[PDB]
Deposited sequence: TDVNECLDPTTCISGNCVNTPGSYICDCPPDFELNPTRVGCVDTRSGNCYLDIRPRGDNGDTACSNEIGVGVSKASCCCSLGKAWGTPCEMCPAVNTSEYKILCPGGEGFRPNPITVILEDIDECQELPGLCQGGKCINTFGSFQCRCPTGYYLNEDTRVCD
């Protein structure tokens, strides 16, 4: 008889498993698509990332997870609000919690590089990417405005 692999927790990352004879299928939620190896779901669309809500663009042409699993509050056009951190939506979009996103091809979790993807988080300063976060240093004479993310 068949193994019901859906009882395995590593099965169908960010997706809904449906057991079949042989292995199983992963049903991806709306806006998500199955990766090449069929072990999980990822949102592969591109869109702008916004700090407020759609305004205050901090990233251009980035994925929704890179935006929303970081400091973004809204993403894309038409504007989609990032899911709140305690919802099932956030669990699906950010399976590794804050600061990380699944590789669009291997679905392996990787650190989001905020300096490469969301430069607007440090307007006018020097950004250093870190594991799970990033650092922003404003040049001498300027200070980080926490609400706008602009050195001054």
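Colleague: Against the full deposited sequence, which stretches does the structure leave out?
Modeller: The deposited sequence has one unmodelled segment, at 54-63.
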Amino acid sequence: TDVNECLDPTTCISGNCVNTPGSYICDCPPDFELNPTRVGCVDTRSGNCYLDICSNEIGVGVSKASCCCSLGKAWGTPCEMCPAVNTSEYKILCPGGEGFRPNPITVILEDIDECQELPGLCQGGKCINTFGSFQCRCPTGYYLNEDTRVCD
From here on, numbers count along this sequence of modelled residues.
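Colleague: Which of the two stretches, 83-91 or 54-62, shows the higher mean Cα temperature factor in the record?
Modeller: Higher mean C-alpha B-factor in the PDB entry: 54-62.
Colleague: Please compare 41-49 with 92-100 and name the stretch with the higher mean C-alpha B-factor in the deposited structure.
Modeller: Looking at the recorded C-alpha B-factors, 41-49 comes out higher on average.
Colleague: Can you pull the Cα B-factors for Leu109, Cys69, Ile105, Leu118 from the entry and say which is highest?
Modeller: Top of the list by C-alpha B-factor: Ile105.
Colleague: When the CA B-factors of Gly22, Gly132, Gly15, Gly141 are compared as recorded in the entry, which is the largest?
Modeller: Of the candidates given, the C-alpha B-factor peaks at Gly22.
Colleague: Where does the C-alpha B-factor of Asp2 rank in its chain, lowest, middle or highest third?
Modeller: It falls in the middle third of the chain.
Colleague: Splitting the chain's C-alpha B-factors into thirds, which one does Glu114 fall into?
Modeller: Lowest third.
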